[PDB]
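Each chain gets a letter, A, B and so on, in the order its sequence line appears, and its residues count up from 1. These values consider heavy atoms only, across backbone and side chains, with no hydrogens, waters or symmetry-generated copies.
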Amino acid sequence: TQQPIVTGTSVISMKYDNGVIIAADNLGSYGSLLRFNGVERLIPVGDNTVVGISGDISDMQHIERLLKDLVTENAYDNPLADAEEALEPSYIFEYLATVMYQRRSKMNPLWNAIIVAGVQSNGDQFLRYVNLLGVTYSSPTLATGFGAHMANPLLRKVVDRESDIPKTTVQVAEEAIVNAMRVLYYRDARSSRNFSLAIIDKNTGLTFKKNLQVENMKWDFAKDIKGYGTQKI
Amino acid sequence: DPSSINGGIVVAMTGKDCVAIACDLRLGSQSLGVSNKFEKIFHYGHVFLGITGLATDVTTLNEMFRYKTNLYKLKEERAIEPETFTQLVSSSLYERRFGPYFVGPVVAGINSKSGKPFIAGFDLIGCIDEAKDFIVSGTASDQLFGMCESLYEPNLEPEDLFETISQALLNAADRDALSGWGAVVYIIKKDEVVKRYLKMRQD
Amino acid sequence: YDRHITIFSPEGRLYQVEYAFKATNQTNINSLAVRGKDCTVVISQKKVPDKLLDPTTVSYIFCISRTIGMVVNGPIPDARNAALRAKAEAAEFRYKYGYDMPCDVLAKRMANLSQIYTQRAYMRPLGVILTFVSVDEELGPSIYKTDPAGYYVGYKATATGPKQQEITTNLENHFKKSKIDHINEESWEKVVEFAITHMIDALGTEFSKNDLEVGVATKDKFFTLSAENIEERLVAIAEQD
Amino acid sequence: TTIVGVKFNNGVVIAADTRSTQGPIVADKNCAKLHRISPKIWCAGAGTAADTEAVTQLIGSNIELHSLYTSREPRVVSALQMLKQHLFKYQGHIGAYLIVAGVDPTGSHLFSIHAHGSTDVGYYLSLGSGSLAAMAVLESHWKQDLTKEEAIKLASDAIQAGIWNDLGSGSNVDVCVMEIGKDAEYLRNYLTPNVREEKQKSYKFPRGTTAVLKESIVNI
Amino acid sequence: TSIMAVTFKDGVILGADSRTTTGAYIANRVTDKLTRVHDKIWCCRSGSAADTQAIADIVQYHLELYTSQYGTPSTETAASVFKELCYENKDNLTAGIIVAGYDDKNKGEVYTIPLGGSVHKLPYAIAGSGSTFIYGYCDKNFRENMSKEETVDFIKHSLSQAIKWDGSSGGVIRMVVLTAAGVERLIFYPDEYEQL
Amino acid sequence: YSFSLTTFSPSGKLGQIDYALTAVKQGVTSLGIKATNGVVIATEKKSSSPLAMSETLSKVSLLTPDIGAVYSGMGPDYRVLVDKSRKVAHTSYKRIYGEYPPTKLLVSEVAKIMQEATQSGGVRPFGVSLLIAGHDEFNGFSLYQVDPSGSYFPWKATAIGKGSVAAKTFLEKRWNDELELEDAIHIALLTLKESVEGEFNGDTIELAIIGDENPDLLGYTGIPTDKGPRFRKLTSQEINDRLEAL
Amino acid sequence: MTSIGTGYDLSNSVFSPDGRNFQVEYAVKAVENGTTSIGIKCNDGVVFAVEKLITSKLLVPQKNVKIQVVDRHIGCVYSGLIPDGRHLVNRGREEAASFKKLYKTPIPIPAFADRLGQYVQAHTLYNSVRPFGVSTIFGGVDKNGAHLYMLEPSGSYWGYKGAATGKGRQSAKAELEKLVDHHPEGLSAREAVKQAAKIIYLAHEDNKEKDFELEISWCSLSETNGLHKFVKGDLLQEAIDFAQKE
Ligand SMILES: [Mg+2]
Ligand SMILES: [Mg+2]
Ligand SMILES: [Mg+2]
Ligand SMILES: [Mg+2]
Ligand SMILES: [Mg+2]
């Protein structure tokens, strides 16, 4: 892709004591037109991974298909495909990272930023980022695009350093995530009020929540804001 | 543009049982005149070809056409006719549609079988100017159009055609910085061809 | 070499092609194709002795295009190779030329592919005879048949199989008597009935709805019959009360 | 250039002006813009003159082979698909713009085609620099169910509009009439409304007017 | 261009304006942007006319081949084929295509494929230069499961308004109706739709 | 199979070409006769079933408007050569010069095609001989035979296939250099009548002439310089006509 | 029969004078030496079972899996030269993926059957390869229901109610036939599983000298949601116990 057409904004995510949380709104924009509103940008791979994608939606759909194909292929002649020899988040990540860097290097990027979230077989949280340049990093929180600028600073107040992770519960992390989603709705002109959230827990497995709405907003004070300086009424 | 680096002109005209074709002698590099003897008119059997434009392509096309017509004569066991050669020139040019020779060829000749005078012109990618009074080409083509439309009349005797195509060429050339520096004129009939070198301004 | 690849024998013959013709009778079933006023009917025996088979998947008739049907005499895998190729040719033709491939044009095309296998050493002929039918937009009801020699021709009617001379002579006699080159019935059902009746006659056997398969070309489309419609046809020609 | 196409009750008519221009200069004052794809399929071109002529010949050749191969009369839709696919493959770089008209076993047809490979169909069409003037006439005087003579008149009036109003166009009208059930009828210089007036004098020079340096006989 | 397709209770209806322009010149005032790629699978075209004709042509070829080999293709499958061509050649196409079909199980379906080649299944879709002006109108007037007549009216009203505001739209309103009963072509003239 | 399948034997002969000729010698008779104002080519239409419609096949083929061909030997080899011959006439001649090739050069291209099958790896030679009748502006009417080897010779008249020995003999007696097309047609019929076992009418005989230009076969009027095609195939009716008043 | 086609059986794609390809029939002899495999079409699905010969106690039980999945919805089992079987399944996986990529819907079973068939018959076309030394039983669920097929070295394939191949195929076919006769109203998937175990058990009496292990898989609308799954755990043991009782 030489330039993006239909696009998804921020994907955001954080680790907590027993797993990871990831969220992304359900909008596919078309320039400044808020064109499509039921676009799922979180992609579960098996029971242990959720791949969240921002950027060009055509490229996102292409990646979705690559992932389903992995699942299919991995199962061939694999008696333990649902067990010991299932796909690990780390395998899904390494594959995508390989693909993104290859496409960057052929001057034909997949025009996306991607976060891969899950839990490894030994119970370890997995959270790692890759984008259209093939750039990769991990951190206790990750966010793409606009969310990197406003969600990260919010989320880091919860998990600021590695040691904060075991002190953090799903309940607390999920609240942090949702609040960040509300803040993005306030200040990102390409955000939607509707979003999906997924939790991947070493004990409870994958929990995929569709159709969340940003709630509990403050608009009250707006009645008192008049003019832009001197105007009194 | 490539078609005005070297300079030069060609004109052909029909007359009664004759055709004539003429060209200047200049080869220059922009403002610098270099060769005083660069003729632009060739022949393959009884078919004449004049070529204006980029000198290197003028030379290349000549060799290409001598090659093609020689093979034609061998295989066909007779020399190529002006009508057939005209199509050959067209398709040879078009074959290079997207990387063309920078030329403006002109064909003149008398069909050995009909005895009919024939001329044609081409753009740089082979489009054929089927016109049959006169054809002009080169850096003074405007001037030539003007001279021909003025001086020309149909069914001139060869002796009169000679004066007409001469004056058309000479006067067009003297209003063009990139043309002139000598000229040659061919008067072509069935049984005779006469080549003449004209006296002209040398500035 | 000359008994193994398509090169000339001293008698100027091609043995592998001749042997390829022998292959066409290996399925031991007969087909016939007949033209109506406004339809073309193709009929072929169907012998499914093994009771573990799904008879509904056993077929030597193929819908090549919306308008062209084909019936093959010969082993099913060479049969299905040809069917696939013709389907692809017919699609490419419509795409490139902007109209439906005529039946005789498809036949010629396949004939040419076939003649190539008789000239190039590394390819073997297909062991098949391909009967093509349609109601062509210009030529009307049409039957064109191709063989492993690359030969094809158009037909008033034709028959192919181990007992083809029987059926053929049965048809010639009828067409002599009748003084026209097709069956004068508008109903494709009557044309199908005709074909079943004359095949029953020529083979000295009766048929149940499972013993044959039927294709029908009309101006609009080529289609095959369910066992139920075939039964309905068999009833139409039943001579017992 | 001004080319038009006009369908009538029993066929189609195609027409063109006869001026070809090197820039603001007229190279050929009596050029021929009506090309034959096959005996009953004819086309008129605007755009790059070499591309228009070349692509005409390519498809004409192929249409002929197709026709010999299939033993069928060439169909206008075949010329259409072959041309548009070729032009599309070249992504606009073959600057051919054509009106293609014809009759074949399926009836009578009228299409336009642009350099990028898009095609239209209608009862009346125009292309080239003079197409707005021509189309103004067509839009004023077309009616369904034209006779041959009416479609000739209308198409000829449309070319005239371009000849008179479009600097890109001029000289004569050429028409081809393709009627169902008949030979195509090509009318070269159907109209010649632009003959040069007699010049005021002859510019024949007295013999010997031109100075010669040297002379010689050439041997063919 | 103003193109839309609307699922309804009995199947799907495609609609389009008939204007093709080059510059401010209306090169075709009676264009047919409603293009058939299989019996009850059609599409609406916007963008480069060369591109959309070339795409639809190749898609019709693929589905013809599909049919002779595999049987009747689904609406989804047709949308898949379009998508594959639009996405893979994104750097060299300007095509905004709505794919719309009928079948006995799903009844009507609509897939819009915007520039870039993504694909979106929707209960209805609008597209083309003129659609911008009718986003708000269509949102407020579309219901699921409308009757045929209610649906024709919705499209007539929708496209009439898009034609009113968009210079790149105009001419007649074309409609194609896909249901179990078959394929029906409708037309509405300026003097009808301009009064709504 | 990337090696020649036609190779030299110790006697220096090339077996596959000889065996190709044997196939030709086995084919249905066909013949050509050159007149002063035309050429005729003819063959028999043996229908390999009465249920077959022989009209749907054509043993005499138009190559260019002025050139046609007939054959003896393997039909499908012929059919394919016909397709190749028509194409090469456009690709190596008409698209360059805007003219159809003259007969002898088109014969020469077909000869090349056949020569190639006798040398290239993995292929047998073509099993046909062609007779080719044409006209061109600078050579007038001509008649050639091409053989599986790619050899070609010009004839005033000749026959090929099964009954060619007797036919060549018959033609030697009746031929002179002043036949008009009508004589040549008549003689061709009498000649074919010997070879013909079975039915002999306008429906089992194929016959074409290269003669005068037919403006009525052009398909359009208006270009007066445009020559009609010289090739014309005779109808069933036209052939029967001559047969009754034989 | 002449089982040995002397002079025509030395290379693939050669027709014998009676129109046979002996290499293909020889490839069949290798299939007949393989272990028994079967397929049973059931009411909303299909079941596969294979005999696995325990050649040595050194084999690790429940490893060396023979049944393979293609896409998510198709099972394949084959008898004969096992590596030829994997080769064919590899091809099927590409064909399936390629279909799913253009057309989005999973490859329908008859479509998948023909991809394998053309590929298998393509290997009877040239002497530069040999035919596949396997017969393959395969199928699954699509939009049109359950489908079961068997594909031979020739490329020949048909749909089946029940299919058997390999050493004990005659015995298995007989039980498959009784099964058909006895169930005009249909067979549940669970039932088919048990019945499949019984049949493999009976067929094993041909390889009675060696021990064996039973492998069973299915694809069923109600049992596996139309995905291919290996029959395991209690259901497996229940079928093993049932088979043994008979
Ligand atoms: Mg100039
Ligand atoms: Mg000067
Ligand atoms: Mg000076
Ligand atoms: Mg061969
Ligand atoms: Mg408007």
Side-chain angles (χ1 to χ4, degrees), chain A residues 1-15 20-25 28-29 39-46 48-74 87-120 124-152 155-156 162 188 190 198 200, chain E residues 84 87-92 116-118, chain G residues 97 101:
Chain A
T1 286
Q2 290 305 329
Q3 72 121 1
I5 312 270
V6 182
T7 64
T9 187
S10 324
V11 174
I12 84 187
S13 61
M14 63 180 298
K15 299 168 164 173
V20 307
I21 309 198
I22 188 163
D25 75 17
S29 291
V39 177
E40 185 56 71
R41 310 193 288 115
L42 297 178
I43 301 161
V45 186
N48 58 11
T49 314
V50 173
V51 180
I53 303 181
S54 64
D56 183 274
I57 300 293
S58 78
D59 287 337
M60 176 184 89
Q61 297 181 339
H62 171 87
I63 289 159
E64 306 205 20
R65 179 204 250 166
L66 292 179
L67 292 169
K68 301 308 163 313
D69 288 15
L70 262 192
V71 171
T72 294
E73 296 274 330
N74 179 67
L87 289 173
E88 287 284 83
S90 66
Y91 308 160
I92 286 142
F93 180 84
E94 201 61 45
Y95 170 69
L96 296 175
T98 302
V99 161
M100 308 299 284
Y101 187 69
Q102 285 170 0
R103 300 284 307 270
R104 179 228 69 135
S105 303
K106 287 190 276 191
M107 302 296 292
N108 183 23
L110 285 172
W111 203 284
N112 298 106
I114 299 161
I115 298 173
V116 171
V119 179
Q120 297 287 109
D124 287 347
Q125 300 94 332
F126 187 96
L127 199 58
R128 202 170 176 79
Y129 162 111
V130 66
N131 68 18
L132 74 168
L133 289 172
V135 176
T136 62
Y137 41 83
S138 292
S139 188
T141 77
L142 293 170
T144 71
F146 205 87
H149 300 307
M150 303 184 79
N152 272 326
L155 300 184
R156 285 164 183 167
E162 203 67 16
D188 178 358
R190 301 171 156 258
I200 303 85
Chain E
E84 213 56 34
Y87 174 73
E88 294 296 341
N89 297 279
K90 72 172 55 194
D91 293 312
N92 290 289
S118 58
Chain G
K101 175 182 191 153

For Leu110(A), is there any backbone N or O sitting under 3.5 Å from a side-chain donor or acceptor partner on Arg103(A)? no
Compare all side-chain heavy atoms of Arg41(A) with those of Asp25(A) and state whether any distance is below 4.5 angstrom. yes
If I compare all heavy atoms of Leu132(A) with all of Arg104(A), which pair ends up nearest, and what's the gap? O-CB, 3.5 Å
Working note: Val11(A) + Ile53(A), criterion side-chain contact (heavy atoms from CB on, under 4.5 Å); need CA distance, chi angles, decisive distance, verdict. CA-CA 7 Å; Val11(A) 174; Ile53(A) 303 181; 5.6 Å; no
By salt bridge (charged side-chain N to carboxylate O under 4.0 Å, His left out) - contacts of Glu88(A) (at least two apart): none
Checking side-chain polar atoms at under 3.5 Å, does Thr144(A) have a donor or acceptor matched by the opposite partner on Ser54(A)? yes
Minimum-distance pair of heavy atoms, taken over all atoms of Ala143(A) and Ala151(A): CB-CB, 4.4 Å
Roughly how far, to the nearest 0.5 Å, is CE of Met14(A) from CG of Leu155(A)? 5.5 Å
Could you check whether any side-chain heavy atom of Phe93(A) comes within less than 4.5 Å of a side-chain heavy atom of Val130(A), counting everything from C-beta outward? yes
Close side-chain approach of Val116(A) to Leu96(A), heavy-atom, < 4.5 Å: yes
Tell me, please, which residues at least two apart from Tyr101(A) pass ring pair (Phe, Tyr, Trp, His ring centres under 6.0 Å). none
Just jot down the salt bridge (charged side-chain N to carboxylate O under 4.0 Å, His left out) partners of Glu94(A), sequence neighbours excluded, or say none. none
Under 3.5 Å, which donor-acceptor pairs do the side chains of residues 64-72 of chain A form with other protein atoms, sequence neighbours left out?
{"residue": "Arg65(A)", "atom": "NH1", "partner": "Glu84(E)", "partner atom": "OE1", "Å": "3.4"}
{"residue": "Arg65(A)", "atom": "NH1", "partner": "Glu84(E)", "partner atom": "OE2", "Å": "3.4"}
{"residue": "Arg65(A)", "atom": "NH2", "partner": "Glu84(E)", "partner atom": "OE1", "Å": "3.2"}
{"residue": "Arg65(A)", "atom": "NH2", "partner": "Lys101(G)", "partner atom": "O", "Å": "2.5"}
{"residue": "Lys68(A)", "atom": "NZ", "partner": "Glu64(A)", "partner atom": "O", "Å": "2.8"}
{"residue": "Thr72(A)", "atom": "OG1", "partner": "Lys68(A)", "partner atom": "O", "Å": "3.2"}
{"residue": "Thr72(A)", "atom": "OG1", "partner": "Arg72(G)", "partner atom": "NH1", "Å": "2.5"}

Candidate pair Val51(A) and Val45(A), rule side-chain contact (heavy atoms from CB on, under 4.5 Å), full reasoning: CA-CA 7 Å; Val51(A) 180; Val45(A) 186; 3.9 Å; yes
Would you say the side chain of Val39(A) lies within less than 4.5 Å of the side chain of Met60(A), judging by non-hydrogen atoms? yes
Might you point out which heavy atoms bring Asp59(A) and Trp111(A) nearest each other, and give the distance in Å? OD2-N, 2.9 Å
Which heavy atom in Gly55(A) sits nearest to a heavy atom in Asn112(A), and how many Å separate them? C-ND2, 3.7 Å
Taking only residues two or more places apart in sequence, or in another chain, which ones meet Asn89(E) in a side-chain hydrogen bond (donor to acceptor under 3.5 Å, both in side chains)? none
Output all residues satisfying side-chain contact (heavy atoms from CB on, under 4.5 Å) with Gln102(A), sequence neighbours left out; order by chain, then residue number. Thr98(A)
Do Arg190(A) and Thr7(A) pair up side chain to side chain, a donor and an acceptor below 3.5 Å, judged on atom types alone? yes
Atom pair CD1 (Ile21(A)) and OG1 (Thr141(A)), whose distance is rounded to the nearest 0.5 Å: 12.5 Å
Mind checking ring pair (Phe, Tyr, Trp, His ring centres under 6.0 Å) for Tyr87(E) and listing every partner two or more places apart, or none if nothing turns up? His62(A)
Taking only residues two or more places apart in sequence or in another chain, which ones pass side-chain hydrogen bond (donor to acceptor under 3.5 Å, both in side chains) with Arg128(A)? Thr136(A), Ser138(A)
Do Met100(A) and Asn131(A) have side-chain heavy atoms sitting under 4.5 Å apart? no
All side-chain hydrogen bond (donor to acceptor under 3.5 Å, both in side chains) counterparts of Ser90(A), not counting sequence neighbours: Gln120(A)
For the student: nearest non-hydrogen atoms of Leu127(A) and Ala117(A), plus distance: CD1-CB, 3.8 Å
Any side-chain to backbone donor/acceptor pair from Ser10(A) onto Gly147(A)? Under 3.5 Å, distance only. yes
Test side-chain contact (heavy atoms from CB on, under 4.5 Å) applied to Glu162(A) - qualifying residues, sequence neighbours left out: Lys15(A), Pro140(A), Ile165(A)
Closest non-hydrogen atom pair, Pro89(A) against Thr49(A): CG-OG1, 3.3 Å
In chain order, what residues pass the side-chain hydrogen bond (donor to acceptor under 3.5 Å, both in side chains) check against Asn48(A), with sequence neighbours excluded? none
Applying salt bridge (charged side-chain N to carboxylate O under 4.0 Å, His left out), can you list everything that pairs with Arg156(A), at least two apart in sequence or on another chain? none
OH of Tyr137(A) to CD1 of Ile115(A): how many Å apart, nearest 0.5 Å? 8.0 Å
What's the separation between atom CG in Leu142(A) and atom CD1 in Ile114(A), rounded to the nearest 0.5 Å? 12.5 Å
